[PDB]
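# Observations on the three-dimensional arrangement
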Amino acid sequence: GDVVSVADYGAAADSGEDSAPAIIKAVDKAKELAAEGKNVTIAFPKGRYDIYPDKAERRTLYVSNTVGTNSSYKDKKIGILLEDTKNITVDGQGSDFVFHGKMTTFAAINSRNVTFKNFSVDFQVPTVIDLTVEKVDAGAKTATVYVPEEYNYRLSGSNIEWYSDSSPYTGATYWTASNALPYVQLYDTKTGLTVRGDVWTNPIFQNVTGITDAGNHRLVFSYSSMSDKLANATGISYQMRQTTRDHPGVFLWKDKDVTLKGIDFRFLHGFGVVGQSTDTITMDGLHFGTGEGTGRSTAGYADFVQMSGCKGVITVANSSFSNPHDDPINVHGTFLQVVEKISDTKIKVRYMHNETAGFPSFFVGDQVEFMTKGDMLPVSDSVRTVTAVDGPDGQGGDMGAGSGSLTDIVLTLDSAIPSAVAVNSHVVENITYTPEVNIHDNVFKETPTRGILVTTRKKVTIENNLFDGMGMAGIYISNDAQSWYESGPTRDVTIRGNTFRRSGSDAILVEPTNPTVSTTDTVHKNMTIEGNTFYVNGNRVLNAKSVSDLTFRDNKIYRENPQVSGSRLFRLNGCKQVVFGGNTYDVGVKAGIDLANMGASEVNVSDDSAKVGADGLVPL
Ligand SMILES: OC[C@H]1O[C@H](O)[C@H](O)[C@@H](O)[C@H]1O
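The deposited coordinates, according to the entry record, derive from X-ray crystallography at 3.50 Å resolution.

Once that is clear, we can look at the overall build of the protein chain. The secondary structure content of the protein chain amounts to 2 helices and 55 strands. Each principal axis of the C-alpha distribution contributes one length, and for the protein chain these read about 70 × 70 × 45 Å. Here the protein chain, with 620 residues, has 56% of them falling under the buried criterion. One finds the centroid of the 57 positive side-chain charges in the protein chain at a distance of 2 Å from the centroid of its 72 negative side-chain charges.

Another aspect to go through is the pattern of salt bridges. Per the counting criterion, the structure on display carries 28 salt bridges. Here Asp327 makes a salt bridge to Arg450, at a shortest N to O gap of 2.8 Å. In this pair, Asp327 sits in the loop between strand 27 (320–322) and strand 28 (329–332) while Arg450 sits in the loop between strand 38 (443–445) and strand 39 (452–454), placing the two residues 123 residues apart along the sequence. This pair shows no difference in class: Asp327 is buried, exactly as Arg450 is. In this structure, a network of salt bridges that share partners links the residues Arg540, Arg568, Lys590, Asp594 and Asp615.

Overall, the coordinates contain 30 aromatic pairs when judged by the stated rule. Summarising the aromatic geometry, the rings of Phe123 and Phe267 are spaced 6.0 Å apart at their centres and angled 70 degrees between planes, so their arrangement reads as edge-to-face. Here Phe123 is found in strand 8 (residues 115–123), whereas its partner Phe267 is found in the loop between strand 21 (258–265) and strand 22 (273–276), with 144 residues between them in sequence. In this structure, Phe123 and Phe267 share a single accessibility class: buried. Seen from their ring centres, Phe265 and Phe288 are 4.8 Å apart, and the 15 degrees between their planes marks the pair as stacked. Here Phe288 lies in strand 24 (residues 287–288) and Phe265 lies in strand 21, a separation of 23 residues in the sequence. Of the two residues, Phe265 and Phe288, neither departs from the other in class, the shared state being buried.

Near the ligand you find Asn65, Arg245, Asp326, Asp327, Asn330, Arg450, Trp484 and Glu486, and these make up its full shell. Contacts to the ligand include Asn65, whose side-chain N or O atom sits 2.5 Å from an oxygen atom. In the complex, 88% of the free accessible area of the ligand, which totals 310 Å², lies under the protein chains. Each of domain 1 (6–125 + 244–326) and domain 4 (436–612) accounts for three or more of the residues forming the shell around the ligand.

In terms of nonpolar packing, the biggest core is built from 99 residues, with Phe116, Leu260, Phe570, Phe580 and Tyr585 touching the most fellow members. With 8 residues, helix 1 (residues 20–36) is the largest single contributor of residues to this core. Two domains each provide a minimum of three residues to this core, namely domain 1 (6–125 + 244–326) and domain 4 (436–612). Setting aside residues up to four positions removed in sequence, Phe116 forms contacts with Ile80, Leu82, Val90, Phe106, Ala107, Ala108, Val258, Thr259, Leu260, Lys261 and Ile263.

Reading the values: the criteria
Residues numbered from 1 in each chain as written, not as in the entry; some residues may be left out. Heavy atoms only, no water. Helix = DSSP H or I, 4+ residues; strand = E, 2+ residues; numbered from the N terminus. Buried < 20%, exposed > 50% of the residue type's maximum accessible area, 1.4 Å probe, protein only. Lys, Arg positive; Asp, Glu negative; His and termini not counted. Charge placed at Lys NZ, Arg CZ, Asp CG, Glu CD. Salt bridge = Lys/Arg side-chain N within 4 Å of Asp/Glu carboxyl O. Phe/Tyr/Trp six-rings, centres within 6.5 Å; stacked < 30°, edge-to-face > 60°. Near = heavy atom within 4 Å. Polar contact = N/O pair within 3.5 Å; in protein donor to acceptor, adjacent residues only side chain to side chain. Areas by Shrake-Rupley, 256 points an atom, 1.4 Å probe, with all protein chains shown as cover. Domains from an automatic or database assignment. Core = buried A, V, L, I, M, F, W, Y, C linked by side-chain atoms within 4.5 Å. Contact = heavy atoms within 4.5 Å.

This is how it looks when you write it as structure tokens:
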């Protein structure tokens, strides 16, 4: 069909003009034709574009894993919004979008078959101030601080003030701030490794007797004392930020068959790409991170890809992540916990985490399973259909009769509930919103947190990925109704092809948060782990916890660096039907296995040179 262009409504490529009123005009046009039946392709004549929040769309939104029922941060601000429509494909043709203030960069709601392709995303003054410490001198107690061009500032002797550009409609400034920001993170520009440190103490901002400008973007900080940290500080990018997920980066809440291709995510404000209930998602050729031509150290405010409680097939292909303030991909759901039995067919359940609430997670016709929090094992034959939902609607409204608070939902099940269910004792899980997952040919580098996180009972493939500098657990498969309340239990996890290296901690770490371990029945069933090359410096390759019919074959392990401590490569807590079979353990590695709440009658190293309980240190 037809191809509408932003050019005709006021989008002037390379103008520094609010292109957001024009966008909102063109998206209306785009809906009219689509609703006639067409296949609109909103196109952006190539070049820069400025998008300010002033006249952007304002929507009330409770999003997963942001700020839950906070009333300050309810009404968000999308810049490119595809609400209730179909068959639209937004093509920036390689343009560089640059947003302003604090806003959601683009969203899609109540849509089916829309696509975003081929453009850049950045912010004019980033909301995460990354200062590098270039030199320091312990003598007269001074320091040097590189602050990139992107950040605007103004000094008043002992104190420093940061601010943003102004609002072209009011002449007013979008965010002001001072000295140390609440939370801070560290990436070593030289050694290239993200060693986080006490995120509440920023040694740049301690006893600062006076700040002077050395020109050329530098800064000379005077000091009273100067502790161990501030001295060794040479070459560390202290990435200052705040810990309020006030906006999602991208929002995709109730969509069907979206695609995100070829978007350079140079910076997002607020969070990452929140998908929150969506039948299928596909994410090719994305690049999260900045470049070395830039002086920026983080393209993440926190997460990058969040897929809270989605369906169909979540796909991440041919992409790339570098230095976030949270994980790259975390696919999951959310456990709500039963806080009342209104009938043998009617229950009230509650959003038990403060950062996740507000939106509805159950839809009439859906299917819920029940779960005992103790072992995090599912109640036998508890699976049920939902017949009426009385909750919030995620826009601050009512669904059905209502629930009376954004933290509670009221469900009615097709048949009476299994009798074992008890208030505050069992959590409930929406099993219909369970995404199959395919994560292939991506690269993740220098993250401080984990690499991937996937917790779903549909098929799970993680094939031919490169993990380098994973500062924590390379891959983490949790499932947890203790603290975080992120569902759920996995059932088909295959982890082929990948290459791990320079891991700071474990590589693969399955670890439900069940406080009662069970040695008769296990939380996760079925898992295969093969084709993989691993590079270790005396670390755990696998760290199971309540897995069954687990397999660790065909892999290869080498000592990273060209008698001893350093963990045995394998640790298993409460597992069944494990097998090992045909691996390649380098000389010097501790090719052994630690059991725990578990007996060696459950391991099959008959076809393998791993040792159950011994170091098994490989010789020449
Ligand atoms: O479980 C780790 C934790 O990591 C981040 O903080 C996310 O925001 C949470 O939703 C959770 O995924």
